[PDB]
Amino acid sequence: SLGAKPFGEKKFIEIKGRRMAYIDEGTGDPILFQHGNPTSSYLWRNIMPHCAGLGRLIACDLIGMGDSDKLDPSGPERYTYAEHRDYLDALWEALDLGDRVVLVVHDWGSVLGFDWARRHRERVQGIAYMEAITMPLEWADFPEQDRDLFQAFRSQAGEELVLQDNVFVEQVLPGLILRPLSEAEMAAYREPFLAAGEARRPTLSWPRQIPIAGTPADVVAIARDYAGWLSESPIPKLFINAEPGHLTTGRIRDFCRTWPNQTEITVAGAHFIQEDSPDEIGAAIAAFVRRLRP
């Protein structure tokens, strides 16, 4: 159902000198849920219950997000994709995931998850994705309504928008959810970002890292690599399409629809579709996992 209560209890682990927070419930092969910007493990709270008893249910808070530690010192060159990947790779290693991992990804969680999967293909049993970066982007893929704002994030205006005014949390997040959020839900999303300044850096560094029109070149290359791989991989996939959807529409949806061994369902939502259709999403993931684990 819907609801503002988190799933499970937050656990903590030291990774590269910083404390990272994660949810880890149950036993067996992992079903690994990865949030992106500007969210946390909290995004999956109404979805994870649908997988009860199908394996070890894991949702990690990316560095500087959720209940994970902030980088110290924080600044404009921190919280790059490469930096997030170093922490997340190390956390996933520390969690002893084994070699039959199901990945469930969204937003920046998909760039991280798709890349990790490409680098650890023998260990990936299935990939479920939604509102994901399925390939390097162009401004034409960006919904027209968001072009100017994201271009502004990727300019000197970004610091005032995000660090001073918390625009990603306070404007973009609810703007891309169809149903109204409760007070408790917004409180959970804003909690890691209550303080103005560097506490909010992850939510600005992320849009600056989106592979668009060839920049940044490193992230473009990573996305190009996993795009090629996924388009040829026989790993079972679940594509949760959204209507109206947001990011994964047009050209980049045309592209991910070419991926082999893929089941697709459509649910109601814009970008943060987990807040609109958690039960339909969880039910689909559960059925996917049951077929993977008979």
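So that there is no doubt, residue numbering starts at 1 and follows the sequence shown.
Which of 149-157 and 126-134 has higher mean CA B factor, as the PDB entry lists it:
Averaging CA B-factors over each stretch, the winner is 149-157.
Which of the two stretches, 35-43 or 65-73, shows the higher mean Cα temperature factor in the record?
Result of the comparison: 65-73.
Which third, lowest, middle or highest, does the CA B-factor of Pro143 fall in along this chain?
Highest third.
Name the third of the chain's ranked CA B-factors that contains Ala217, choosing lowest, middle or highest.
Middle third.
What third of its chain, lowest, middle or highest, does the C-alpha temperature factor of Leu54 fall into?
Tercile = highest for this residue's CA B-factor.
Could you place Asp254 in the lowest, middle or highest third of its chain by Cα temperature factor, using the values in the record?
Tercile = lowest for this residue's CA B-factor.
What third of the chain does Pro260 rank in for C-alpha temperature factor, lowest, middle or highest?
Lowest third.
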